[PDB]
Amino acid sequence: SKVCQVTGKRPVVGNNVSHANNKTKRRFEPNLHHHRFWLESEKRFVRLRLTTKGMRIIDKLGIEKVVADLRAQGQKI
Amino acid sequence: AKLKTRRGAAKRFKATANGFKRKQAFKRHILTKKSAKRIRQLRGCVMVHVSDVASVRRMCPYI
Amino acid sequence: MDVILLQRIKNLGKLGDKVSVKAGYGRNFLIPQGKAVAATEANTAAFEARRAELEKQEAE
RNA sequence: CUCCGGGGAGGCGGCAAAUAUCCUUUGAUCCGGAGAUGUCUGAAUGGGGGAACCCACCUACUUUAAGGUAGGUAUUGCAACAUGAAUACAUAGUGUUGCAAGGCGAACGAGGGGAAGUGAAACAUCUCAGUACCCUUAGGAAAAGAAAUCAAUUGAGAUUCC
RNA sequence: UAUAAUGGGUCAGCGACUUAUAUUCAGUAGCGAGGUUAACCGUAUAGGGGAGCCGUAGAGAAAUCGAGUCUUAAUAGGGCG
RNA sequence: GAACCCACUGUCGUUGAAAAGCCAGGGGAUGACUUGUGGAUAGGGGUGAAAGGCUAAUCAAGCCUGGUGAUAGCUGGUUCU
RNA sequence: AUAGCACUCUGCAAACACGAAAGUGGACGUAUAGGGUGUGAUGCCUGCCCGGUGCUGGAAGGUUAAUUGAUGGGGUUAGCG
RNA sequence: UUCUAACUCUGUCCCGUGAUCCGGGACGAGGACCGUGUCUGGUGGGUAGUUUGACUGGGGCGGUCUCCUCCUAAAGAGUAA
RNA sequence: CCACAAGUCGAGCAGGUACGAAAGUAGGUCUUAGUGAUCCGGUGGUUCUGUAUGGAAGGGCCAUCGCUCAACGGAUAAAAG
């Protein structure tokens, strides 16, 4: 399903609101996509399904820290 | 449950000692063509008519 | 992003210069291929602290 | 069916009488507590299947004939051990053992989705209503909870319910 | 509507202005410029519990005044009391 | 032109032998044919050599259970002196 | 409905259809193929109109969205009075 | 205009592996395009909820809908088509 | 005059004013048609209010502006068969 591995983001529900104030159900979806990251400590590429905010967090903290954190939550990377 | 006030009527009527007071219509706009006497005599509050007092009481049970 | 160049680059700078590059450039080319490192405090401590002279006389 | 305790003149459950064999003061029937046995289907878990059926494998003991008795054989997750590619180290993968889970069931709890009939004396904003319903999942309750909270004489002092 | 307008073949049994809360008026009882407690406690219809509510003052949109007040330059006039 | 598959005309039947038939005639009958068994498509959907046809004797939106005691300025009814 | 005819779309991970997606039909096909639309064996044939609506190809002038944020006008107060 | 390193391949080869799924590896062809998320303009009976007045010698069509003057109006006021 | 909401006539008092020598006359035009409630906003003033306090924003009061709401007491800002 559409879940970001780094942040846990998922689609949420909301409304389309028209000019006459008609309200209809809608969904907001994350900016999800697949990306390969080079893990040097393991000499391999890891493929993650994540968002652009996930990429920003990886840029901030390093891929090793993020991968260790995700493993600590029971994610089989 | 508790009786509920009709808020629209509550915004139009207030209680006096022996009745209800109200403002007068026809003073919101289109005022240039009206005579000075009508302008100054439609200004201020008057009393609610006895034929409408009962309806006002049912609409505003607590004032 | 801000990076410290591990080894010489044609236009960025030479052997330890700190430069700002577009995020994609560093994320996809420099960092995975070992031509630069992120300019964090720990990575800086690592770069000037010990391996600076090693990177230096590994000029080629 | 067994043991222990209670009880003391009858009893062999009911529809449901009747009869025969009988049991019982050497303590019956009956009552309470603790054990033993407990076919097949069903989460059903050795494989399959139109539920209560069809077909099996391995190990040990036993029989002499085409068997019997006892045990083991599901999946997933975790851990240990062994093994192990592309590919050199490794990794993926594979196997064994041990542990755990699945299913059912009233209401109450928490969370993920979420109408319309109706009212507005028409109807679209609004209402109905976060209701009905669907889904996931606890506990004897749950949730919340110890101020980046309120108040406005500078005062109160976590949460929950009336 | 005798109507050729509706309903009933007949009998027996069942079958339709309720309940809760709030409010106004009438009757009745207690107390009376006062009346009354709610949740809750309570070997519990008692006794405690006065927070709160209604009445005792009105005028003005309001600040404000108050047997007065609003309007107004006005102590005039006028409206609500 | 028989079996088999259809359904053009007429009488009968219409509280039927039958909730669609009998009888006398009629059309196709080696093909775009008829048929058994077992499967697939599910309700604003399916399928349709197309009639809004068919989807369990039900179809301009199947059936069942819930919202639900929907709403009805309409019709009926409303019991002793 | 039909064989026949015509227009049109589609260069293949085809157009098109089902589905939320994964994927599936088209098709284990490849413009002599596949989808949509109309006409309806065959004979003789199929005239005029591009003003309207649609489709196809141009053009870069006018108008216009999010985004961006130049200027101008107010609120507050250190200070000056 | 070049490039590769994000990203694409319903292209070839190798392995998991007894496998036209999938995953990993090696190539090849593409490539900052395509494509997806948020926002935003256009199009949008494909789909959905609804609206589409009253008087009236039946309804529809036609006419009318508010105000002023005269008559009907029966010597006060009022009085319908 | 009148269901309401509205509509009509008005002597007289105070302030300022115009024309008259003066007593005086003048609160639109001989009169009866020339019209639109409420809501929502705009503008000019204002000794009202101002969510800790001082301001301010916003609101109130007085004057005034925007409807062929003509189905003219006006069901929506927004509707044909």
Side-chain angles (χ1 to χ4, degrees), chain A, chain B residues 7-8 11, chain C:
Chain A
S1 30
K2 287 180 203 302
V3 191
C4 167
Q5 296 183 245
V6 176
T7 67
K9 277 167 180 288
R10 49 192 333 118
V12 304
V13 302
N15 289 317
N16 293 307
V17 182
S18 77
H19 173 86
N21 249 309
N22 301 112
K23 275 171 196 34
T24 40
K25 282 296 189 169
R26 70 161 288 181
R27 305 211 310 172
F28 294 86
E29 268 158 73
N31 200 6
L32 263 183
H33 58 264
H34 285 92
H35 197 102
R36 297 154 57 249
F37 290 97
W38 177 249
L39 202 48
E40 175 74 68
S41 67
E42 262 149 56
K43 290 287 180 175
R44 50 183 274 252
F45 278 105
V46 290
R47 194 151 158 277
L48 292 184
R49 191 181 191 185
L50 86 178
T51 54
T52 53
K53 198 188 201 65
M55 309 193 155
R56 295 181 74 242
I57 291 152
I58 287 182
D59 290 12
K60 183 168 165 166
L61 310 171
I63 186 62
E64 313 272 347
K65 176 70 172 333
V66 176
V67 155
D69 285 334
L70 302 177
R71 262 152 182 190
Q73 331 175 313
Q75 295 199 24
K76 313 201 80 179
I77 308 163
Chain B
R7 310 299 275 141
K11 285 162 176 167
Chain C
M1 63 194 328
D2 280 329
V3 285
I4 293 178
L5 315 163
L6 299 186
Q7 65 93 334
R8 72 158 200 97
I9 317 291
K10 292 309 303 170
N11 301 311
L12 289 186
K14 287 337 177 294
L15 307 184
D17 204 343
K18 164 154 104 215
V19 210
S20 52
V21 286
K22 274 134 145 43
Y25 191 12
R27 173 196 301 116
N28 290 322
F29 187 66
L30 274 35
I31 301 279
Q33 287 199 355
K35 298 171 187 351
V37 71
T40 71
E41 305 271 11
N43 291 331
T44 304
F47 158 67
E48 306 75 333
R50 189 174 181 179
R51 65 165 184 257
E53 190 36 47
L54 178 44
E55 146 188 322
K56 285 168 184 62
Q57 90 303 14
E58 285 272 332
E60 215 154 64

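For the numbers below, each heavy atom of this structure counts, side chains included, while hydrogens, waters and symmetry mates do not. First the proteins, then the strands, lettered A, B, ... as listed; each starts at 1.
- Inter-residue side-chain proximity for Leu5(C) and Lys14(C) is flagged as unmet; no heavy-atom pair is nearer than 4.5 Å.
- You'll find the side chain of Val21(C) reaches within 4.5 Å of the side chain of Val3(C), heavy atoms only.
- Proximity of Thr44(C) to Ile4(C): side-chain heavy atoms (C-beta onward) are separated by under 4.5 Å at one or more points.
- Within the model, atoms CZ of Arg8(C) and CG of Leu15(C) stand 9.0 Å from one another, a figure rounded to the nearest 0.5 Å.
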Using distance only, find each side-chain donor-acceptor pair of residues 46-60 of chain A under 3.5 Å and give its atom names and separation, not counting sequence neighbours.
{"residue": "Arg49(A)", "atom": "NH1", "partner": "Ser1(A)", "partner atom": "O", "Å": "3.1"}
{"residue": "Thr51(A)", "atom": "OG1", "partner": "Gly54(A)", "partner atom": "N", "Å": "3.3"}
{"residue": "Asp59(A)", "atom": "OD2", "partner": "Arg27(C)", "partner atom": "NH2", "Å": "2.9"}

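- Side chains of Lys35(C) and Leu6(C) form no contact here, defined as non-hydrogen atoms less than 4.5 Å apart.
- Interatomic distance, CD1 of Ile31(C) versus CD of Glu40(A), reported as 11.5 Å (0.5 Å rounding).
- The neighbour count for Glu41(C) CD, taken as heavy atoms of other residues, nucleotides or ligands under 6.0 Å away, does not exceed 12.
- The side-chain heavy atoms of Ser41(A) and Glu64(A), taken from C-beta on, include a pair separated by under 4.5 Å.
- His35(A) and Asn28(C) get closest at one heavy-atom pair: NE2-OD1, 3.5 Å.
- The two atoms that bring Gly26(C) and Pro32(C) nearest to each other are O-CD, 3.8 Å, heavy atoms only.
- Heavy atoms of other residues, nucleotides or ligands lying less than 6.0 angstrom from NZ of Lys43(A) number 12 at most.
- Between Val3(A) and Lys9(A) the shortest side-chain heavy-atom distance does not fall below 4.5 Å.
- Put simply, the side chain of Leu39(A) reaches to within 4.5 Å of the side chain of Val67(A), judged on heavy atoms.
- Put simply, CZ on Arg10(A) and CG on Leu32(A) are 10.5 Å apart, with the number rounded to the nearest 0.5 Å.
- Of the inter-residue distances, the one linking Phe28(A) atom CZ with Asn15(A) atom CG reads 8.5 Å to the nearest 0.5 angstrom.
- The closest donor-acceptor contact from the side chain of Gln5(A) to the backbone of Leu70(A) lies at 3.5 Å or more, if one exists at all.
- Side-chain contact check for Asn22(A) versus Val17(A): every heavy-atom pair is 4.5 Å or farther apart.
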Pairs of donor and acceptor atoms involving the side chains of residues 48-60 of chain C, under 3.5 Å and at least two apart or interchain, shall be tabulated with distances.
{"residue": "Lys56(C)", "atom": "NZ", "partner": "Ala52(C)", "partner atom": "O", "Å": "3.3"}

